[PDB]
């Protein structure tokens, strides 16, 4: 049966909150994470990261009704942030941005659900 309207509305609002988020410096943290690096330019990314995912793919899964619960969506957002932390150095801007986006996802979920 189709996802109920409440679930659909919740996923769009949560992902939009994460993608649109700007820190105290005015920087949109999601920017680098929208699209994966190219397989031709950065093959080492695909050698180390077993399940690559980006926000474009998460938005595709939301659009095509693939997530059946908020937990399903959370699993992919957490995977994206975990991959950023696996590939990139601890303490780097991209590693630290992914930790902030995990927090933004959780806070947005608490406000809509």
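Positions refer to the first chain, counted from 1. Take the two forms, find the largest set of C-alpha atoms that superpose within 1.5 Å, and that set is the rigid core.
Chemist: Compare 90-98 with 5-13 and report which one shows the larger root mean square C-alpha deviation from this form in 9 other deposited structures of this protein once the rigid core is superposed.
Modeler: Output: 5-13, the stretch lying farther off on average in 9 other deposited structures of this protein.
Chemist: Between 73-81 and 34-42, name whichever shows the higher mean Cα B factor according to the PDB entry.
Modeler: Higher mean C-alpha B-factor: 34-42.
Chemist: Would you mind comparing 19-27 and 96-104 for me and telling me which has the higher average C-alpha temperature factor in the entry?
Modeler: Between 96-104 and 19-27, it is 19-27 that shows the higher mean C-alpha B-factor.
Chemist: Residue 51's Cα B-factor: lowest, middle or highest third of the chain?
Modeler: Residue 51: CA B-factor falls in the middle third of its chain.
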